[PDB]
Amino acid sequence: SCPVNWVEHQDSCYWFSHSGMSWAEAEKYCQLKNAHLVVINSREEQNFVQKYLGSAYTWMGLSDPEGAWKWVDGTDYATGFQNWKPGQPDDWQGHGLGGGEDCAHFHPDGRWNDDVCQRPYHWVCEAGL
């Protein structure tokens, strides 16, 4: 059902990187594989993904560059599953790299943070069946 190097869970296929990329390069990579950065739709999917994270910060398909949080596939953010770290998202500017923080990633414990999109983090692709 899933292609080789992809993991099947509950009607999605997932691919977990062994490397890091900026958020935009990871979403380009997922799109080239007819997929997208992972969209977390439920607690059960959050638990599956967080269980197999490669012990490093990992991008997901959630960003707010135009001002509101959006999932790459159009899943509604505000009515959807959320799993932020305490005090996140904060759009922090104190990194001094310019602007705030517009891309969401997993901490190893599975809780989410907004960070600078240009950081090379691991990522997860997802595609339907």
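From 1 onward, residues are counted along the sequence shown.
Compared with the other entries of this protein, residue 93 is frequently left unbuilt, missing from a third or more of those that build its neighbours. Looking at mean Cα B-factors across 99-107 and 85-93, the upper value is held by 85-93. Comparing 63-71 with 42-50, the stretch with the higher mean C-alpha B-factor in the PDB entry is 63-71. Placement of the Cα temperature factor of residue 77 within the chain: highest third of the modelled residues, per the deposited record. Per the PDB record, residue ranking by Cα B-factor puts residue 11 in the highest third of the chain. Per-chain ranking of the deposited C-alpha B factor places residue 32 in the highest third.
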